[PDB]
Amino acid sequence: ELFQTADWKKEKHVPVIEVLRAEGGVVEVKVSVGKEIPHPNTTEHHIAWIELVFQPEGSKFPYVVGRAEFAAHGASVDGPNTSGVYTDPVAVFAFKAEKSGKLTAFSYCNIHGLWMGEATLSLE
């Protein structure tokens, strides 16, 4: 596939999905790349975005929940890696849901292609 699923040893790209809460009709999911072992974030090499998808049990189709773009990577008029602003690739999606189902996240590294992570959403 275009969508890579297994991280290499020394650099992490697979978007990791953490269900922070799922009860009372409401869900909070954090998705990150390189949470424990940071991926580079330079003008030349960085994670550009994460998109989260959710398919409720019994829904014939999945739904895009949302997308987070990480847009600052240090560039400035003074050269690459000079602005002191770098957006970390971690996003929090809050959404209503009524059933459990499957979470899929996609992410993109500007030089290492496309990536997919997956997790079950158990709604209390």
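The first residue of the shown sequence is 1; numbering continues from there.
Engineer: Mean Cα B factor from the PDB record: higher for 100-108, or higher for 9-17?
Structural biologist: Comparing 100-108 with 9-17, the higher average CA B-factor belongs to 9-17.
Engineer: Return whichever of 29-37 and 45-53 has the greater mean Cα B factor according to the PDB record.
Structural biologist: Between 29-37 and 45-53, it is 29-37.
Engineer: In terms of the chain's CA B-factor thirds, is residue 69 lowest, middle or highest?
Structural biologist: Its C-alpha B-factor belongs to the lowest third of this chain's values.
Engineer: Sort the modelled residues of this chain by their C-alpha B factor and say whether residue 87 lands in the lowest, middle or highest third.
Structural biologist: Its C-alpha B-factor belongs to the lowest third of this chain's values.
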